[PDB]
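See below for work.cif, which holds mmCIF, C-alpha atoms.
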data_input
#
loop_
_atom_site.group_PDB
_atom_site.id
_atom_site.type_symbol
_atom_site.label_atom_id
_atom_site.label_comp_id
_atom_site.auth_asym_id
_atom_site.auth_seq_id
_atom_site.Cartn_x
_atom_site.Cartn_y
_atom_site.Cartn_z
ATOM 1 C CA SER A 1 0.000 0.000 0.000
ATOM 2 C CA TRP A 2 1.286 3.503 -0.719
ATOM 3 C CA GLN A 3 -0.392 4.756 2.578
ATOM 4 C CA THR A 4 1.409 2.101 4.570
ATOM 5 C CA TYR A 5 4.862 2.970 3.126
ATOM 6 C CA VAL A 6 4.472 6.520 4.341
ATOM 7 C CA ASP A 7 2.696 5.824 7.713
ATOM 8 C CA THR A 8 4.499 2.708 8.780
ATOM 9 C CA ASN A 9 7.765 2.440 6.786
ATOM 10 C CA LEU A 10 8.718 6.082 7.014
ATOM 11 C CA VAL A 11 6.950 8.063 9.743
ATOM 12 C CA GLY A 12 6.353 4.970 11.824
ATOM 13 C CA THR A 13 10.117 4.473 12.237
ATOM 14 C CA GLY A 14 10.717 7.828 13.816
ATOM 15 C CA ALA A 15 13.651 8.765 11.574
ATOM 16 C CA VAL A 16 11.276 10.964 9.611
ATOM 17 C CA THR A 17 8.522 13.310 10.818
ATOM 18 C CA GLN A 18 6.449 13.797 7.641
ATOM 19 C CA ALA A 19 6.731 11.694 4.413
ATOM 20 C CA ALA A 20 5.129 11.628 0.976
ATOM 21 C CA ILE A 21 5.467 9.372 -2.082
ATOM 22 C CA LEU A 22 5.278 10.993 -5.475
ATOM 23 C CA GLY A 23 4.938 10.111 -9.139
ATOM 24 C CA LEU A 24 7.477 11.349 -11.748
ATOM 25 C CA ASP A 25 4.730 13.663 -12.980
ATOM 26 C CA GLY A 26 4.977 15.296 -9.517
ATOM 27 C CA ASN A 27 1.511 14.137 -8.276
ATOM 28 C CA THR A 28 1.324 12.676 -4.759
ATOM 29 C CA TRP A 29 0.621 8.955 -4.369
ATOM 30 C CA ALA A 30 0.304 9.004 -0.581
ATOM 31 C CA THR A 31 1.119 11.508 2.198
ATOM 32 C CA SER A 32 1.489 11.650 6.028
ATOM 33 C CA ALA A 33 -1.598 13.305 7.634
ATOM 34 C CA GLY A 34 -1.096 17.076 7.385
ATOM 35 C CA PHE A 35 1.993 16.943 5.084
ATOM 36 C CA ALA A 36 1.298 18.624 1.705
ATOM 37 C CA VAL A 37 3.623 18.685 -1.327
ATOM 38 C CA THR A 38 1.827 20.685 -4.007
ATOM 39 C CA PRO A 39 1.699 19.697 -7.643
ATOM 40 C CA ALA A 40 3.716 22.718 -8.439
ATOM 41 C CA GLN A 41 6.226 21.834 -5.699
ATOM 42 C CA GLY A 42 6.126 18.217 -6.848
ATOM 43 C CA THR A 43 6.745 18.974 -10.546
ATOM 44 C CA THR A 44 9.708 21.114 -9.535
ATOM 45 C CA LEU A 45 11.330 18.260 -7.539
ATOM 46 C CA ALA A 46 10.893 15.720 -10.303
ATOM 47 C CA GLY A 47 12.302 18.180 -12.818
ATOM 48 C CA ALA A 48 15.407 18.757 -10.726
ATOM 49 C CA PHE A 49 16.158 15.023 -10.744
ATOM 50 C CA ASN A 50 16.707 15.655 -14.504
ATOM 51 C CA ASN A 51 18.374 19.111 -14.369
ATOM 52 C CA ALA A 52 19.275 20.404 -10.901
ATOM 53 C CA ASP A 53 20.360 23.854 -12.259
ATOM 54 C CA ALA A 54 17.415 25.762 -10.874
ATOM 55 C CA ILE A 55 17.400 24.067 -7.457
ATOM 56 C CA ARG A 56 21.162 24.009 -6.822
ATOM 57 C CA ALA A 57 21.248 27.799 -6.864
ATOM 58 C CA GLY A 58 17.743 28.733 -5.598
ATOM 59 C CA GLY A 59 16.802 25.964 -3.091
ATOM 60 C CA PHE A 60 13.300 24.356 -3.209
ATOM 61 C CA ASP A 61 9.891 24.379 -1.571
ATOM 62 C CA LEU A 62 8.140 21.512 0.186
ATOM 63 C CA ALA A 63 4.842 22.292 1.978
ATOM 64 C CA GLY A 64 5.734 25.842 3.028
ATOM 65 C CA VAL A 65 9.359 25.289 3.965
ATOM 66 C CA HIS A 66 12.083 26.622 1.709
ATOM 67 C CA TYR A 67 15.147 24.427 1.934
ATOM 68 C CA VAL A 68 18.585 25.061 0.513
ATOM 69 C CA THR A 69 20.152 22.255 -1.512
ATOM 70 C CA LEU A 70 22.863 20.292 0.253
ATOM 71 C CA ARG A 71 23.155 17.502 -2.437
ATOM 72 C CA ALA A 72 21.541 17.014 -5.965
ATOM 73 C CA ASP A 73 22.114 14.118 -8.394
ATOM 74 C CA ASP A 74 20.021 11.661 -10.429
ATOM 75 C CA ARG A 75 19.058 9.682 -7.390
ATOM 76 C CA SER A 76 19.192 12.006 -4.356
ATOM 77 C CA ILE A 77 18.278 15.579 -3.520
ATOM 78 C CA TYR A 78 18.910 16.728 0.067
ATOM 79 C CA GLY A 79 17.474 19.923 1.597
ATOM 80 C CA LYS A 80 18.442 21.662 4.813
ATOM 81 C CA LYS A 81 16.608 24.366 6.760
ATOM 82 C CA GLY A 82 18.686 24.932 9.887
ATOM 83 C CA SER A 83 18.596 21.783 12.006
ATOM 84 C CA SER A 84 15.823 20.527 9.828
ATOM 85 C CA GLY A 85 15.921 19.078 6.351
ATOM 86 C CA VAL A 86 14.417 16.707 3.803
ATOM 87 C CA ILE A 87 15.750 13.666 2.026
ATOM 88 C CA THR A 88 14.311 12.948 -1.455
ATOM 89 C CA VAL A 89 15.231 9.762 -3.248
ATOM 90 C CA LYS A 90 14.075 9.122 -6.808
ATOM 91 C CA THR A 91 13.289 5.517 -7.619
ATOM 92 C CA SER A 92 12.469 3.992 -11.031
ATOM 93 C CA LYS A 93 8.871 5.250 -11.028
ATOM 94 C CA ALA A 94 8.440 7.402 -7.882
ATOM 95 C CA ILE A 95 9.943 9.904 -5.527
ATOM 96 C CA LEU A 96 10.315 9.424 -1.787
ATOM 97 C CA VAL A 97 10.195 12.494 0.476
ATOM 98 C CA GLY A 98 11.304 12.161 4.107
ATOM 99 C CA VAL A 99 11.185 15.436 6.101
ATOM 100 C CA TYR A 100 13.050 15.527 9.498
ATOM 101 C CA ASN A 101 13.198 17.945 12.498
ATOM 102 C CA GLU A 102 15.899 19.065 14.905
ATOM 103 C CA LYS A 103 15.007 16.112 17.140
ATOM 104 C CA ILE A 104 16.254 13.661 14.506
ATOM 105 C CA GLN A 105 19.742 12.625 13.518
ATOM 106 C CA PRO A 106 20.102 13.641 9.855
ATOM 107 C CA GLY A 107 22.378 10.667 9.182
ATOM 108 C CA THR A 108 19.508 8.444 10.329
ATOM 109 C CA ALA A 109 16.740 10.056 8.271
ATOM 110 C CA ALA A 110 18.918 9.702 5.095
ATOM 111 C CA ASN A 111 19.849 6.073 5.782
ATOM 112 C CA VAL A 112 16.149 5.214 6.332
ATOM 113 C CA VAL A 113 14.768 6.900 3.113
ATOM 114 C CA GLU A 114 17.715 5.657 0.986
ATOM 115 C CA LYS A 115 17.197 2.069 2.242
ATOM 116 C CA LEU A 116 13.397 2.148 1.609
ATOM 117 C CA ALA A 117 14.227 3.409 -1.939
ATOM 118 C CA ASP A 118 16.561 0.410 -2.426
ATOM 119 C CA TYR A 119 13.834 -1.976 -1.226
ATOM 120 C CA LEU A 120 11.230 -0.321 -3.442
ATOM 121 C CA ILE A 121 13.383 -0.439 -6.626
ATOM 122 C CA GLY A 122 13.935 -4.159 -6.000
ATOM 123 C CA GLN A 123 10.104 -4.521 -6.013
ATOM 124 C CA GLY A 124 9.778 -2.852 -9.415
ATOM 125 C CA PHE A 125 8.917 0.662 -8.139
#

Please re-express this file's structure in structure tokens.
Amino acid sequence: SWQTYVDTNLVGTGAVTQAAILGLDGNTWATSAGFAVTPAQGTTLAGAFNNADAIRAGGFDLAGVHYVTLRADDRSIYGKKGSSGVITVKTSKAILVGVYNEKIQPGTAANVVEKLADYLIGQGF
């Protein structure tokens, strides 16, 4: 279930506060209650997986928070807003978004999203 991935496999682990799963068209597949990645925000993310020009210099927006880009490649885009941040990992057909707060070890949030991506690819996603 897409809802389960988000609730249980991401948020449920406590390494991430809010999580969403998107489509390469930037449309949300499932989201944690109260977390909202807009289409517009979504289409920008996807786009950056292709060309990270925009994003590398201007940062990006996820549900009202503007993050500055720490890392951007074909598989991973990392955002940081002070002691907070977001880990996005593009899979074959989807994009994982794992937002974390100052109460979470960044190293841990990244390792959890990155590993769920690995498991999801292996399933055909």

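The protein and nucleic acid residues lying at most 6 Å from stretch 32-47 of chain A are residues 18, 19, 24, 26, 27, 62 and 63 of chain A, with only C-alpha atoms considered and sequence neighbours fewer than 5 positions away removed.
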
Exercise. Work out how far atom CA of residue A:8 is from atom CA of residue A:61, in Å to one decimal.
Key: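 Value for the atom CA of residue A:61-atom CA of residue A:8 distance: 24.6 Å.
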
Quiz item: Got a sec to resolve the PyMOL selection byres ((chain A and resi 87-94) around 6) on this structure and send the residues as a list in words?
Solution: residues 22, 23, 24, 75, 76, 77, 78, 86, 95, 96, 97, 98, 110 and 125 of chain A

Report as a compact mmCIF listing (two decimals) with C-alpha atoms, in the frame of the given file the full result of the PyMOL selection byres ((chain A and resi 3-7) around 8) when it is applied to this structure.
# COMPACT_ATOMS: atom_id res chain seq x y z
CA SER A 1 0.00 0.00 0.00
CA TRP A 2 1.29 3.50 -0.72
CA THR A 8 4.50 2.71 8.78
CA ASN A 9 7.76 2.44 6.79
CA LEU A 10 8.72 6.08 7.01
CA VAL A 11 6.95 8.06 9.74
CA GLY A 12 6.35 4.97 11.82
CA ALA A 19 6.73 11.69 4.41
CA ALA A 20 5.13 11.63 0.98
CA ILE A 21 5.47 9.37 -2.08
CA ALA A 30 0.30 9.00 -0.58
CA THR A 31 1.12 11.51 2.20
CA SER A 32 1.49 11.65 6.03

Self-check item: Among the residues A:25, A:66, A:73, A:103, the one that comes closest to residue A:53 [using only C-alpha atoms]
Solution: A:73

Exercise. Kindly indicate which residue among A:116, A:67, A:28, A:84 lies nearest to residue A:104, using all atoms listed in the file for the distances.
Key: A:84

Practice problem: Just give me the gap between atom CA of residue A:101 and atom CA of residue A:68 in Å, one decimal is fine. | Solution: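 Atom CA of residue A:101 sits 14.9 Å away from atom CA of residue A:68.
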
Exercise. Name the residues that the PyMOL selection byres ((chain A and resi 54-57) around 9) pulls out of this structure, and write them as a PyMOL selection string.
Key: chain A and resi 44-45+48+51-53+58-60+68-72
